[PDB]
Enquirer: 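Before anything else, here's the structure in question.
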Number of protein chains: 2
Amino acid sequence: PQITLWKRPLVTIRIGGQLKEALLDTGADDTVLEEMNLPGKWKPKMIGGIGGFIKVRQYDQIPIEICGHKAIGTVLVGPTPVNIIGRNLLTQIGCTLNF
Amino acid sequence: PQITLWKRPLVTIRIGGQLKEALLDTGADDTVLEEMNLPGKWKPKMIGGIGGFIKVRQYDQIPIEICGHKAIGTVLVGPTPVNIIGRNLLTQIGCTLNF
Ligand SMILES: CC(C)[C@@H](C(=O)N[C@@H](Cc1ccccc1)C[C@H](O)[C@H](Cc1ccccc1)NC(=O)[C@@H]1CN(c2ccccc2)C(=O)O1)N1CCCNC1=O
């Protein structure tokens with residue numbers, strides 16, 4: 001598909017039994033999801049955004065389905081206001097910027 | 001051009017005769033540049049994202065040439081960690097997400 005940028009490029013993603021709306025975010029290195037209690041091992045991390053840093057939990061090799069496309073990779077979980085689909089997963093589903 | 005996302009989508013922009021590197025950011029509503037001098041009246045503004053809120057200066061109707069494509073629009077200036085081209089100007093240069 002082609003997504004214009006007149007509005008936030010929000011799409012439906014699925015992670016396990018949870019469906020959520022998330023930004024397709026070319027300015028995000030990583031995928032940052034709102035608080036959720038995912039299974040398995042994780043490591044603490046600090047990530048920096050526009051106003052400073054937040055603390056997140058890094059989970060590796062998490063399958064996520066984005067608009068019907070399969071992805072699997074690192075997901076950072078923490079107190080973000082918005083779910084962010086970062087470059088690590090955007091490349092997996094074939095996403096490019098075009099103009 | 002078509003831009004893939006294995007690297008940060010950083011491009012050269014021209015603003016006030018100065019060349020800067022800036023991030024093409026579909027996850028940004030607004031265009032926000034690191035501290036610099038621009039002419040004209042600005043309006044104090046606050047923006048909030050991951051990590052909290054910062055104070056910026058809003059300049060209107062500022063021309064930026066992004067990768068050879070001309071835009072004229074609102075540019076926020078402030079303590080952003082990185083120069084960011086947001087959706088207000090991405091739409092002007094015909095930028096879309098495709099996969
Ligand atoms: C850039 C501003 C203008 C924007 C905004 O903060 N958008 C964010 C997503 C976001 C977050 C919170 C609120 C609203 C949007 C998403 C952006 O793509 C934003 C751009 C950016 C990049 C680097 C440093 C600072 C900012 N990205 C990010 O903030 C995160 C940070 N992050 C990360 C960084 C290091 C290590 C691991 C992960 C990542 O992958 O994306 N914004 C804030 C004001 C309101 N609207 C808006 O678009």
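A, B, ... follow the sequence lines: proteins, then strands. Residue 1 opens every chain. Note: hydrogens, waters and symmetry copies are ignored here, and every other heavy atom, side chains too, is used.
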Enquirer: Where is the tightest heavy-atom contact between B/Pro81 and A/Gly49, given as atom of each residue plus distance?
Expert: CG-O, 3.5 Å
Enquirer: To the nearest 0.5 angstrom, please state how far the CG atom of B/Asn88 sits from the CH2 atom of A/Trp6.
Expert: 11.0 Å
Enquirer: What part of A/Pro1 lies closer than 4.5 angstrom to a heavy atom of chain B: side chain, backbone, both or neither?
Expert: both
Enquirer: Is there a path of hydrophobic side-chain contacts, each under 4.5 Å between heavy atoms of I, L, V, M, F, W or Y residues, that connects A/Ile72 with A/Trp42?
Expert: no
Enquirer: Do A/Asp25 and B/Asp25 have side chains that approach each other closer than 4.5 Å (heavy atoms only, starting at C-beta)?
Expert: yes
Enquirer: Let me know if B/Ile54 has heavy atoms under 4.5 Å from chain A in its side chain, its backbone, both or neither.
Expert: side chain
Enquirer: Atom CD1 of A/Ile50 and atom OG1 of B/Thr80: how far apart are they, to the nearest 0.5 Å?
Expert: 3.5 Å
Enquirer: Looking at CG of B/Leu5 and CD of A/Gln92, how far apart are the two atoms once the value is rounded to the nearest 0.5 Å?
Expert: 12.0 Å
Enquirer: Is a side-chain donor or acceptor of B/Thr26 paired with a backbone partner of A/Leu24 at a separation under 3.5 angstrom?
Expert: yes
Enquirer: To the nearest 0.5 angstrom, please state how far the CZ atom of A/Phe99 sits from the CD atom of B/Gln2.
Expert: 11.0 Å
Enquirer: Look at the side chain of A/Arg8 and the backbone N and O of B/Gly27, then say whether any donor-acceptor pair between them is shorter than 3.5 Å.
Expert: no
Enquirer: Can you measure from CD1 (A/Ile93) to CG (B/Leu97) and round to the nearest 0.5 angstrom?
Expert: 9.0 Å
